[PDB]
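**Q** I'd like to ask you about the structure that follows.
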Amino acid sequence: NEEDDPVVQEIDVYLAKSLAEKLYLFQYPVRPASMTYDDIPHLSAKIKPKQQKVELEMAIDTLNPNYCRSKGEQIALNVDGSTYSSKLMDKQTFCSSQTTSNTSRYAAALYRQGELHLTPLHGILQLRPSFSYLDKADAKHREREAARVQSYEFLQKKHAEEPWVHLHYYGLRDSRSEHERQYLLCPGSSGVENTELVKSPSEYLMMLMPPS
Amino acid sequence: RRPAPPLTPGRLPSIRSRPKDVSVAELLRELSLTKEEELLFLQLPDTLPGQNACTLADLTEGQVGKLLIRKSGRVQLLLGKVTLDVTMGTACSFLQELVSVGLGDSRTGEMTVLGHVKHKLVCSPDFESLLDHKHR
Amino acid sequence: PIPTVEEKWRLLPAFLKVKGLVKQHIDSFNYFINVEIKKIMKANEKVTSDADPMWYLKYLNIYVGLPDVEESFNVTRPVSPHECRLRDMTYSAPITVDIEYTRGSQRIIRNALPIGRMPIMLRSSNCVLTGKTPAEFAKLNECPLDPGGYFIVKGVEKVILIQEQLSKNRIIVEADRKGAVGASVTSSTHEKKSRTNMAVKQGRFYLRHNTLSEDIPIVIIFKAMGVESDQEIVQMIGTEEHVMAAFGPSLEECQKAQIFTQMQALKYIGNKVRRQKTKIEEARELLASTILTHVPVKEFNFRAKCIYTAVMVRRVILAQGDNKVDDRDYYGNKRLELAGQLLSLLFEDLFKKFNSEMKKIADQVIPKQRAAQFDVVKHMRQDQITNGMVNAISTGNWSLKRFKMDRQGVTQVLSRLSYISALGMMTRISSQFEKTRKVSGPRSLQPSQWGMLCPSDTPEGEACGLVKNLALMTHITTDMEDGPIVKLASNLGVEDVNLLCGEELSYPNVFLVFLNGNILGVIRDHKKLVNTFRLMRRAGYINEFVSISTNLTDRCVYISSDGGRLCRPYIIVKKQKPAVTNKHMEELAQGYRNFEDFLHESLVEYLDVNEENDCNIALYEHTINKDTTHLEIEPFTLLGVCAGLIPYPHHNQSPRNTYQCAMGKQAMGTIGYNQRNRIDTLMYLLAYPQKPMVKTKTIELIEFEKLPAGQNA
Amino acid sequence: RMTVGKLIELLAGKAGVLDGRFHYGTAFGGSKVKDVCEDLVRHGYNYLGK
Amino acid sequence: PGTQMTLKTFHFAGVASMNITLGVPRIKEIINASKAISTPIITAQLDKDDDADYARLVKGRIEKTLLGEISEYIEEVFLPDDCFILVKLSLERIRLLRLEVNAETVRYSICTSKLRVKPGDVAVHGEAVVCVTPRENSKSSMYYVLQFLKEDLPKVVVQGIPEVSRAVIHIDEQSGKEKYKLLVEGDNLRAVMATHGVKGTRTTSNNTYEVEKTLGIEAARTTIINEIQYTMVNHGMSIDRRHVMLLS
Amino acid sequence: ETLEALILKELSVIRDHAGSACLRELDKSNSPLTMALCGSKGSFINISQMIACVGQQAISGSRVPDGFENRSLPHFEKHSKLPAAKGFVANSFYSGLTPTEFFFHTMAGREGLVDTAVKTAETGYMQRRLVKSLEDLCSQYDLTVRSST
Amino acid sequence: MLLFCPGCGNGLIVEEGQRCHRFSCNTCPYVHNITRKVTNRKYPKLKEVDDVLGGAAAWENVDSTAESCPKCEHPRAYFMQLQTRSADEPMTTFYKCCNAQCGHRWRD
DNA sequence: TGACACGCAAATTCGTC
DNA sequence: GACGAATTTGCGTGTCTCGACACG
RNA sequence: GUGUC
Ligand SMILES: [Zn+2]
Ligand SMILES: [Zn+2]
């Protein structure tokens, strides 16, 4: 077991609460890691922190060499029979779902030249593209052509209780992004301090597994 | 032709026209020799040793960690006395990015994108050494 | 030559002194009247009327007393079992509860309120026949060699036979008259027994449950659960070349029908669903807590359920195209049922009936009253409980339609022909199948059972394997909780399934964690997980009756902690050698270092049928190899109680062994120490019983040398 | 019927009633037929069964 | 005899692992005289009894041969023009199996098959390469029809008798004598006997209904006497011919 | 499949040769051998099974099937295609069977005990179904068999 | 094969357009041009030619014995051993085979 | 929990106005 | 080109599923 | 329902 003494690498770890309160991890399981979403222009962004509900809408090109306008105008008439402020569909809707409300273990890690910075995460989120604009379209078309227990509608009204927040987007290149990177990178305590937490394994094992 | 029909089984290549696992020690070694700066998603054990539970929120700011790389072994985390082992799991193949949401007074807010994450590590305490110390 | 310890034959008596043969029949009942009887009281805790929300009663604490009899007028004297056996009486003790009820405006707390009686076992904790001495056993006119474990109702000895059933909260994949089909049976503590099945025909999967009119496509169920985009659906199913050629047709017939939104799938299902409130909410609440109730849903999230259905579909796909099929003959899945939980169900149903009908006794009196205050203890009854208990025990008709069950032939009169017929009936086990000629697998001796059920012990006639007997060394595990287990598994580094998508579960390195038919998450390098869990179990923090196994063909680890599993102790060895040495057993021979501290010193351990699947056991100590993990204590414990009377069983043939173990209970002889006092219907006795010259160690273990049923000639 | 344990049990019982001690006949062990037959000679009877 | 007839397939050996029902189930099947039987076994004799490669040639005649069994690789092309499916028929795999299958044979087979296709969009490009063009009509688009056309091309047989499943040749020897007997596992006796290779006069079947409808009623009373006697001689029992003749 | 039968003929040779060499080792007054020569109750198979070796215990006319995963008993190795491991017993009745050999021997004893319990049902059913159709067929006085009509 | 759209996430079906065939779908506007060549290679498992069954080579597997047959005066004999229960009590039966110019099968 | 003989019924093809 | 007539095939439902004796 | 043939 003594063959572990010569080769010993040292790595320092820092933690900061500067950006811990304002931090949300977005997940995109539908998209391959090769492609990116920060390159496509974003028109709007919407959040409710009360229930950790994020609604995004992406802006795509209207008339590019890869576009069939015949289907586009048909879907436009279907949704028309307002959602879109143009003649065709140029926006995509992504809805979220709150996952692992008790997020204390998960923390983001940044590796600079020789130091590691770990920032606690507030919540982890999963972004998924929703298709509800066809639901309302078909429902309205059918409307035109034709004419104590805890349920789900109570929680729907509970969701409706809160107001909504609108957000601006900042992406690849911006002084703000580098500012936030420095604020999450800057440790402040550059000196090597000691006596922060002492807990022998005979105490940590007893704290982990309660005899009661 | 950037937008191409992606594949579910070959989501890693997704070639369609014209998997290798690595250890955390080697991974951090080649991440360091390139002198790059990327973000990592790490999972920590519940109820860390401290001063009831103790997470990073009920903790301090500064240097509270020490990583150790042993020859012909693994990567081993220390907080002075407690000993943990860290390793990689569920290598992600999809897109994962973290942004900073900023809330103003009522509605006006700034949302800035920081970066993406492409590696998930998990760290946990090895109960073997704990039992060896408690028994002896 | 290898160091051999010729001492491990004294571990077995010390182990049977703690528990074993018939002590588990008393353990199941002593644990039920101390743990579950108050769990049922806490379940049905508050009940009130609807006339005006002012009247209510509360259940504080419930307990039972000692066996007492109510004579002419307030005469409660301690009665002995023999007195009840001669007077055609019934051995029972009252149940005194401390409830509170509000009459008028003030609250009344009446302590020691009797609500009924309940039978008590002969050698239970509340009975008088415990912790006594043979001199005092002769004072009460009772045989000290009587093992007990029966019920005395109307002057007859009734014993409840152990009944085996199939495992719940699990997925089975078996083949039928045309092809292969997967099924899932769901039944938790709350009364909800469901049986869903997914079938394959014309390369199209269909889900069948008795609540739906006809088949519903699996992709429709997926889109209704919440997963909308068809890409992540196949991602969760599996990313492989051969699994897509079988999943494409269903996707395209799903695209055929105009269903692309959650509302479309919900309306489709609600139109399909028949039941004797809109269609959307009907389909939503039907997918919520009707199909699979063993997977709880926190708010309305169907993600755990859809990943469960996806891994089920993957198991069916991997079963499809191959000859890998699941059978019901495996005993690692079959569970046993004692008399404890049956009495639990009976008692909870009687208690719910008594609470719900008395709720209607004071519901027709409040408006049609005569004064300002209503007394409820005078509107109280104590005959339905006693009547129901006695009827269920003596009659034998376990009929609970609140539980949707009808069972006959559960209790039987204790055989008092000889001393072996009485003990051998206590270890008799009944099967769930009925006595028919179609069965050949379950009747056939299975290679799975090893040291748990006696092979030779079986009646020859019509039932040729439906009735089985237990082995000498085996233990029935009771039920536990899973809090600390899940906590330690989460701290070990297991991953949350809600974060990673469907693509990573197709990875060969990824392993899934199963706990009592529940997906905890994903774990990598399962060897360290299994090793650490085994070390923690050997330590003493976690209870010893928790099974853990791993299967590589489907790459899943199972963690079993349900009650009703078979457990027998095994000696642990470390890399060439048994941990138990001569100095460890010399202290046992001295009088210290008994079985419990042997288990606390990490020298022996219990293994189940599914956990010994991934373990190597050595017969003797000369056959110990480098991959052997455990060592069987003795090889002669495989024989049962009736087969332990045959000299040189290996010399004899199995038909002769079966004939002799069947005839051993019909042989007439002495019954016990008090045969002149007891008055039974028919009794056969001998004049001068002799002692067997060529005796067996099993004879000495049961002390058959005190009551022999034969003669030397 | 193919029952060989009967003759072994008879032999062991005879040797026991002659010597004066009970002989063990447990499964997968007990006593052999090599040390018992040589003990049946000390008394004066035939060695196996005759 | 039937009460002492309760063990399964007796002649246990690796020589011939043919799942043949013989015992109380076969006697029960004979007594019930059911139309649909289990374990179909048909014995046939060849005209050329010494020539063995000839028996191999006739063995490939009476046997269901599928198209995917011959097809080495199939393709679905996609181009700016209208797409089609292209199957590459292998010639050597027919050669060592000695089939009478050419490209025109497969074309005519698919042209008279159950799947909806007629000789308007099927051609033979070269030697053993066939092309089929998916049309746009009568249920839905051509893409959904392409998924239905790729799953039944292997199902479409190229030669043989469809309900005939498996055939094996048995070598029966003597002092200096050698014979090759054809064992066909099917039911259509009139079709397996009405061929060139096997001798049509000397060929027997196992199903009573098949020999009843093909040969006749008087010829079905003889195959039921030999069937019962063949089940009693492998058990070591002894019955007289008259007891069976009276029941027949 | 070829390996299953290539070693199955190697085990029966040992038993046959042992039984054949045992016949030259026995006396002319051996009571079991005398009864075998007479043929009253016994055969040479029982003699060779009681003296030389039992042989191999076959189940469903084949080897013992696996019972946990790819192995019959947990005492053996995984994917262990060995004769003495799978289903071959070596000790005779006089010598004494081992627990694994005793289990493999009692496995075949339950094969016949469940078979003699089921035969009675369908046998009696086929008997009472066969009698009800042929019970009035009689021979007349002119050498002719007729029915009631 | 299996192809999905990157924008919406649903699958695509190919159908004719205006000037050339197109990769279309019925959930979101997204069309990809069909160019010089698109094709995939499949390899169905080809059939094997099976073995000839029967003959003395197959009988070479099971061991024979040395015992005369009272039909043609030959020591040539194959023996078979089987278990079956008779009317009184089980007894092992044996089958007899003649390895000669006649080659008949009996059960004693 | 196997056996197939009865009805009951819908997809489909030759035929003639 | 369009309507009445007769064929083949998936699917619905009913009956048992050996004998004898003794005891509670 | 149990026990034997
Ligand atoms: Zn699309
Ligand atoms: Zn001959």
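Identifiers in the structure tokens: chain A, B, ... in order shown; residue index from 1 per chain; ligand index from 1 in order shown.
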Counting only C-alpha atoms (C1' of nucleotides) and all ligand atoms, what are the residues, protein, DNA or RNA alike, that approach ligand 2 to within 10 Å? I want them as a CSV table (one decimal) with C-alpha atoms, in the first residue's frame.
**A**
chain,number,residue,atom,x,y,z
G,68,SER,CA,-26.3,-63.2,-29.7
G,69,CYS,CA,-29.6,-62.6,-31.4
G,70,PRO,CA,-31.9,-65.6,-32.1
G,71,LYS,CA,-32.9,-64.5,-35.6
G,72,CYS,CA,-29.7,-64.6,-37.7
G,73,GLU,CA,-27.1,-66.1,-35.4
G,74,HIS,CA,-24.9,-63.0,-34.9
G,75,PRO,CA,-23.1,-61.7,-31.8
G,76,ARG,CA,-23.8,-58.3,-33.4
G,77,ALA,CA,-26.0,-56.5,-30.9
G,96,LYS,CA,-32.2,-55.2,-28.4
G,97,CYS,CA,-30.9,-54.2,-31.9
G,98,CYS,CA,-29.3,-56.4,-34.5
G,99,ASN,CA,-26.3,-54.9,-36.4
G,100,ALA,CA,-26.4,-57.1,-39.4
G,101,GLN,CA,-28.0,-57.6,-42.9
G,102,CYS,CA,-31.5,-57.7,-41.4
G,103,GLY,CA,-31.3,-55.1,-38.6
G,104,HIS,CA,-34.5,-55.6,-36.6
G,105,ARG,CA,-35.5,-54.0,-33.2
G,106,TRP,CA,-37.0,-55.9,-30.3
**Q** Counting only C-alpha atoms (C1' of nucleotides) and all ligand atoms, name the residues that have an atom within 6 Å of an atom of ligand 1; the answer should be given as a list in words.
**A**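 So the residues close to ligand 1 are residues 5, 8, 9, 10, 11, 25, 27, 28 and 30 of chain G.
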**Q** Give me the residues within 9 Å of residue 17 (chain A) as a ChimeraX atom specification, counting only C-alpha atoms (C1' of nucleotides) and dropping any in the same chain fewer than 3 places off.
**A** /A:20-21,119-120,184 /B:56-57,60-61
**Q** Could you save those same residues with N, CA, C and O atoms as a tab-separated table (two decimals), in the first residue's frame?
**A**
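Okay, this is what ended up in result.tsv:
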chain	number	residue	atom	x	y	z
A	20	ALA	N	-24.23	31.39	-6.09
A	20	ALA	CA	-24.99	30.20	-5.72
A	20	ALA	C	-26.49	30.48	-5.69
A	20	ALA	O	-27.29	29.63	-6.10
A	21	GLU	N	-26.89	31.65	-5.20
A	21	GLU	CA	-28.31	31.97	-5.11
A	21	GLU	C	-28.92	32.16	-6.49
A	21	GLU	O	-30.07	31.79	-6.73
A	119	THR	N	-19.53	25.73	-6.87
A	119	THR	CA	-20.62	26.61	-6.49
A	119	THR	C	-21.89	25.80	-6.31
A	119	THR	O	-22.26	25.03	-7.21
A	120	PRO	N	-22.58	25.92	-5.18
A	120	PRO	CA	-23.81	25.14	-4.97
A	120	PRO	C	-24.89	25.52	-5.96
A	120	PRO	O	-25.04	26.69	-6.34
A	184	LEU	N	-18.18	34.07	-10.15
A	184	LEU	CA	-18.20	32.68	-9.72
A	184	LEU	C	-16.80	32.08	-9.61
A	184	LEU	O	-16.65	31.02	-9.01
B	56	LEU	N	-23.35	22.46	1.58
B	56	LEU	CA	-22.51	23.60	1.23
B	56	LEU	C	-23.15	24.93	1.61
B	56	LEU	O	-22.43	25.92	1.79
B	57	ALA	N	-24.48	24.98	1.73
B	57	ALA	CA	-25.14	26.23	2.11
B	57	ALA	C	-24.87	26.56	3.57
B	57	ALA	O	-24.69	27.73	3.92
B	60	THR	N	-18.79	27.42	4.92
B	60	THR	CA	-18.02	28.66	4.84
B	60	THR	C	-17.53	28.92	3.43
B	60	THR	O	-17.90	28.21	2.49
B	61	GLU	N	-16.70	29.95	3.26
B	61	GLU	CA	-16.13	30.30	1.96
B	61	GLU	C	-14.62	30.25	2.04
B	61	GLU	O	-14.02	30.78	2.99
**Q** Within 6 Å of region 8-25 of chain F, counting only C-alpha atoms (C1' of nucleotides), which residues qualify if same-chain residues fewer than 4 places away don't, as a ChimeraX atom specification?
**A** /F:48,52,55 /G:62
**Q** Next, write the just-selected residues to a file, as a PDB file, in the first residue's frame, keeping N, CA, C and O atoms as the atom set.
**A**
ATOM      1  N   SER F  48     -25.692 -54.962 -10.350  1.00  0.00           N
ATOM      2  CA  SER F  48     -24.654 -54.024 -10.754  1.00  0.00           C
ATOM      3  C   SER F  48     -24.833 -52.642 -10.140  1.00  0.00           C
ATOM      4  O   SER F  48     -23.844 -51.917  -9.986  1.00  0.00           O
ATOM      5  N   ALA F  52     -21.441 -52.524  -7.932  1.00  0.00           N
ATOM      6  CA  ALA F  52     -20.423 -51.760  -8.641  1.00  0.00           C
ATOM      7  C   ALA F  52     -20.665 -50.258  -8.558  1.00  0.00           C
ATOM      8  O   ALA F  52     -19.858 -49.528  -7.973  1.00  0.00           O
ATOM      9  N   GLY F  55     -24.746 -45.519 -11.609  1.00  0.00           N
ATOM     10  CA  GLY F  55     -24.749 -45.120 -13.003  1.00  0.00           C
ATOM     11  C   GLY F  55     -24.948 -43.614 -13.142  1.00  0.00           C
ATOM     12  O   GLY F  55     -24.225 -42.823 -12.546  1.00  0.00           O
TER      13      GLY F  55
ATOM     14  N   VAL G  62     -23.500 -44.463 -30.059  1.00  0.00           N
ATOM     15  CA  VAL G  62     -23.897 -45.232 -28.881  1.00  0.00           C
ATOM     16  C   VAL G  62     -23.065 -46.511 -28.840  1.00  0.00           C
ATOM     17  O   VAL G  62     -22.704 -47.062 -29.883  1.00  0.00           O
TER      18      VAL G  62
END
**Q** Hey, could you make a per-residue contact list for chain F against chain C with 8 Å as the cut-off, showing the nearest pair of atoms and its distance in Å to one decimal, counting only C-alpha atoms, sorted by chain and number, as a Markdown table?
**A**
| residue | atom | partner | partner_atom | distance |
| --- | --- | --- | --- | --- |
| F:65 | CA | C:447 | CA | 7.9 |
| F:66 | CA | C:447 | CA | 7.3 |
| F:67 | CA | C:447 | CA | 4.9 |
| F:68 | CA | C:613 | CA | 5.5 |
| F:69 | CA | C:613 | CA | 7.0 |
| F:72 | CA | C:447 | CA | 6.2 |
| F:73 | CA | C:447 | CA | 6.7 |
| F:74 | CA | C:616 | CA | 5.7 |
| F:75 | CA | C:617 | CA | 4.9 |
| F:76 | CA | C:616 | CA | 7.2 |
| F:77 | CA | C:616 | CA | 7.7 |
| F:93 | CA | C:651 | CA | 5.1 |
| F:94 | CA | C:651 | CA | 6.7 |
| F:96 | CA | C:651 | CA | 6.0 |
| F:97 | CA | C:650 | CA | 5.4 |
| F:98 | CA | C:650 | CA | 7.5 |
| F:99 | CA | C:635 | CA | 6.6 |
| F:102 | CA | C:650 | CA | 6.2 |
| F:103 | CA | C:455 | CA | 8.0 |
| F:105 | CA | C:654 | CA | 7.3 |
| F:106 | CA | C:654 | CA | 5.2 |
| F:107 | CA | C:445 | CA | 6.0 |
| F:109 | CA | C:654 | CA | 5.6 |
| F:110 | CA | C:444 | CA | 6.5 |
| F:111 | CA | C:444 | CA | 6.7 |
| F:113 | CA | C:464 | CA | 7.0 |
| F:114 | CA | C:464 | CA | 5.7 |
| F:117 | CA | C:462 | CA | 5.7 |
| F:118 | CA | C:437 | CA | 5.6 |
| F:121 | CA | C:437 | CA | 7.6 |
**Q** For chain A, report every residue with an atom at most 6 Å from chain B (counting only C-alpha atoms), formatted as JSON, numbers by chain.
**A** {"A": [4, 7, 8, 9, 10, 11, 12, 13, 14, 15, 16, 22, 23, 24, 25, 26, 27, 28, 29, 31, 32, 33, 105, 106, 107, 108, 109, 110, 111, 112, 165, 166, 167, 168, 169, 170, 171, 177, 189, 197, 199, 200, 201, 202, 204]}
**Q** Please identify which residues in chain A DSSP calls alpha helix (DSSP H) from the backbone, and express them as a ChimeraX atom specification.
**A** /A:69-80,133-146,152-161,175-185,201-208
**Q** Pick the closest to chain I from F:78, F:132, F:41, F:119: which is it, counting only C-alpha atoms (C1' of nucleotides)?
**A**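 Of the candidates, the smallest distance to chain I is held by F:119.
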**Q** Taking only C-alpha atoms into account, what are the residues of chain E at most 12 Å from chain F, put as a PyMOL selection string?
**A** chain E and resi 1-17+23-25+27-32+243+246-248
**Q** Selection from above, N, CA, C and O atoms, as a short mmCIF file (atom, residue, chain, number, x, y, z; two decimals), in the first residue's frame, can you write it?
**A**
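Saved as selection_32.cif:
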data_model
loop_
_atom_site.label_atom_id
_atom_site.label_comp_id
_atom_site.auth_asym_id
_atom_site.auth_seq_id
_atom_site.Cartn_x
_atom_site.Cartn_y
_atom_site.Cartn_z
N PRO E 1 -52.96 -52.26 -21.19
CA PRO E 1 -51.76 -51.72 -21.85
C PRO E 1 -51.66 -50.20 -21.74
O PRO E 1 -50.57 -49.67 -21.51
N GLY E 2 -52.79 -49.50 -21.87
CA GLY E 2 -52.77 -48.06 -21.77
C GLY E 2 -52.48 -47.56 -20.37
O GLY E 2 -51.86 -46.50 -20.20
N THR E 3 -52.92 -48.30 -19.35
CA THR E 3 -52.60 -47.92 -17.98
C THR E 3 -51.11 -48.08 -17.71
O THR E 3 -50.54 -47.36 -16.88
N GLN E 4 -50.46 -49.02 -18.39
CA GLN E 4 -49.02 -49.22 -18.31
C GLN E 4 -48.30 -48.61 -19.51
O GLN E 4 -47.33 -49.17 -20.03
N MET E 5 -48.79 -47.46 -19.97
CA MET E 5 -48.33 -46.80 -21.18
C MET E 5 -47.99 -45.34 -20.90
O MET E 5 -48.13 -44.48 -21.76
N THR E 6 -47.53 -45.05 -19.68
CA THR E 6 -47.43 -43.67 -19.21
C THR E 6 -45.99 -43.21 -19.05
O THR E 6 -45.61 -42.67 -18.01
N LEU E 7 -45.14 -43.47 -20.04
CA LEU E 7 -43.89 -42.74 -20.16
C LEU E 7 -43.76 -42.21 -21.59
O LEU E 7 -44.40 -42.70 -22.52
N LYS E 8 -42.92 -41.19 -21.74
CA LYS E 8 -42.86 -40.41 -22.97
C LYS E 8 -41.89 -41.04 -23.96
O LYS E 8 -41.54 -42.22 -23.81
N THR E 9 -41.49 -40.28 -24.98
CA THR E 9 -40.72 -40.78 -26.11
C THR E 9 -39.58 -41.67 -25.63
O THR E 9 -38.65 -41.19 -24.97
N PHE E 10 -39.62 -42.95 -25.98
CA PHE E 10 -38.77 -43.97 -25.37
C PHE E 10 -37.40 -44.07 -26.03
O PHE E 10 -36.37 -44.03 -25.34
N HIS E 11 -37.36 -44.19 -27.36
CA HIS E 11 -36.12 -44.48 -28.08
C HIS E 11 -35.20 -43.26 -27.97
O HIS E 11 -34.99 -42.50 -28.92
N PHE E 12 -34.64 -43.10 -26.78
CA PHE E 12 -33.81 -41.96 -26.42
C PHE E 12 -32.43 -42.15 -27.03
O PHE E 12 -31.71 -43.09 -26.66
N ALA E 13 -32.05 -41.27 -27.95
CA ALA E 13 -30.74 -41.31 -28.58
C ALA E 13 -30.54 -40.05 -29.40
O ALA E 13 -31.50 -39.37 -29.78
N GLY E 14 -29.27 -39.73 -29.66
CA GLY E 14 -28.96 -38.60 -30.52
C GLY E 14 -29.08 -38.92 -31.99
O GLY E 14 -28.94 -38.03 -32.84
N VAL E 15 -29.33 -40.19 -32.32
CA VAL E 15 -29.34 -40.63 -33.72
C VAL E 15 -30.41 -39.88 -34.50
O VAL E 15 -30.19 -39.45 -35.64
N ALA E 16 -31.59 -39.71 -33.90
CA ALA E 16 -32.70 -39.00 -34.52
C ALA E 16 -33.52 -38.33 -33.42
O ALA E 16 -34.30 -38.99 -32.73
N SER E 17 -33.33 -37.02 -33.25
CA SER E 17 -34.08 -36.29 -32.24
C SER E 17 -35.36 -35.71 -32.83
O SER E 17 -35.56 -34.49 -32.82
N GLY E 23 -47.47 -43.00 -27.41
CA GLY E 23 -47.82 -43.36 -26.05
C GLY E 23 -49.32 -43.29 -25.83
O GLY E 23 -50.09 -43.68 -26.72
N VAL E 24 -49.75 -42.81 -24.67
CA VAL E 24 -51.17 -42.55 -24.46
C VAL E 24 -51.66 -41.33 -25.23
O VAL E 24 -52.83 -41.32 -25.64
N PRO E 25 -50.85 -40.28 -25.48
CA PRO E 25 -51.38 -39.18 -26.31
C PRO E 25 -51.66 -39.60 -27.75
O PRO E 25 -52.68 -39.19 -28.32
N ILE E 27 -52.36 -42.67 -28.82
CA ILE E 27 -53.52 -43.56 -28.81
C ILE E 27 -54.80 -42.75 -28.64
O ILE E 27 -55.83 -43.04 -29.26
N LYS E 28 -54.75 -41.72 -27.79
CA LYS E 28 -55.92 -40.85 -27.62
C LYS E 28 -56.24 -40.10 -28.91
O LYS E 28 -57.41 -39.92 -29.25
N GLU E 29 -55.21 -39.66 -29.63
CA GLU E 29 -55.43 -38.99 -30.91
C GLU E 29 -56.03 -39.94 -31.94
O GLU E 29 -56.89 -39.55 -32.73
N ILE E 30 -55.57 -41.20 -31.95
CA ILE E 30 -56.13 -42.19 -32.87
C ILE E 30 -57.59 -42.46 -32.54
O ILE E 30 -58.45 -42.52 -33.43
N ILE E 31 -57.91 -42.62 -31.25
CA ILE E 31 -59.28 -42.88 -30.84
C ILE E 31 -60.18 -41.69 -31.15
O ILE E 31 -61.33 -41.87 -31.59
N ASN E 32 -59.69 -40.47 -30.95
CA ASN E 32 -60.49 -39.29 -31.23
C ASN E 32 -60.65 -39.03 -32.72
O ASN E 32 -61.65 -38.44 -33.14
N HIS E 243 -58.45 -57.84 -32.59
CA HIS E 243 -58.96 -56.78 -31.73
C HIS E 243 -58.85 -55.42 -32.40
O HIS E 243 -59.76 -54.59 -32.31
N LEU E 246 -61.34 -55.26 -35.55
CA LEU E 246 -62.73 -55.04 -35.18
C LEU E 246 -63.00 -53.59 -34.81
O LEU E 246 -64.05 -53.04 -35.16
N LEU E 247 -62.06 -52.95 -34.10
CA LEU E 247 -62.22 -51.54 -33.75
C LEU E 247 -62.07 -50.64 -34.97
O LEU E 247 -62.73 -49.60 -35.05
N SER E 248 -61.22 -51.02 -35.93
CA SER E 248 -61.05 -50.22 -37.13
C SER E 248 -62.28 -50.27 -38.04
O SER E 248 -62.49 -49.34 -38.83
#
**Q** Run DSSP on the backbone and grab whatever in chain B lands in strand (DSSP E); send it over as a PyMOL selection string.
**A** chain B and resi 38-43+62-70+75-78+83-88+94-103+108-124
**Q** Starting from chain C, keep only residues with some atom at most 10 Å from an atom of chain J, counting only C-alpha atoms (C1' of nucleotides), and report them as a count of residues only.
**A** 6
**Q** Within 9 Å of chain E, which residues of chain G show up? Give each one with its shortest atom-to-atom distance in Å (one decimal) and the two atoms involved, counting only C-alpha atoms, rows by chain then rising residue number, as a tab-separated table.
**A**
residue	atom	partner	partner_atom	distance
G:13	CA	E:143	CA	6.7
G:14	CA	E:143	CA	6.5
G:15	CA	E:143	CA	7.4
G:16	CA	E:82	CA	8.5
G:19	CA	E:80	CA	8.9
G:20	CA	E:80	CA	5.6
G:21	CA	E:80	CA	5.9
G:22	CA	E:80	CA	8.5
G:33	CA	E:80	CA	8.5
G:34	CA	E:80	CA	5.6
G:35	CA	E:80	CA	5.9
G:36	CA	E:79	CA	6.2
G:37	CA	E:79	CA	5.3
G:38	CA	E:78	CA	4.9
G:39	CA	E:77	CA	5.1
G:40	CA	E:75	CA	6.6
G:41	CA	E:75	CA	6.1
G:42	CA	E:73	CA	5.8
G:43	CA	E:73	CA	5.0
G:44	CA	E:73	CA	6.2
G:45	CA	E:69	CA	7.1
G:46	CA	E:69	CA	4.9
G:47	CA	E:69	CA	4.9
G:48	CA	E:69	CA	8.5
G:49	CA	E:97	CA	6.7
G:50	CA	E:168	CA	8.3
G:51	CA	E:168	CA	7.8
G:52	CA	E:169	CA	5.5
G:53	CA	E:170	CA	5.3
G:54	CA	E:170	CA	5.1
G:55	CA	E:171	CA	5.2
G:56	CA	E:173	CA	7.8
G:58	CA	E:15	CA	5.3
G:59	CA	E:15	CA	6.6
G:61	CA	E:15	CA	8.0
G:62	CA	E:13	CA	7.9
G:80	CA	E:11	CA	8.4
G:82	CA	E:10	CA	7.5
G:83	CA	E:7	CA	8.8
G:84	CA	E:7	CA	6.9
G:85	CA	E:4	CA	7.3
G:86	CA	E:4	CA	6.4
G:87	CA	E:4	CA	6.8
G:95	CA	E:11	CA	8.9
G:100	CA	E:175	CA	6.8
G:101	CA	E:175	CA	4.4
G:102	CA	E:174	CA	6.6
G:103	CA	E:174	CA	7.6
G:105	CA	E:234	CA	9.0
G:106	CA	E:234	CA	8.0
G:107	CA	E:236	CA	5.7
G:108	CA	E:236	CA	6.9
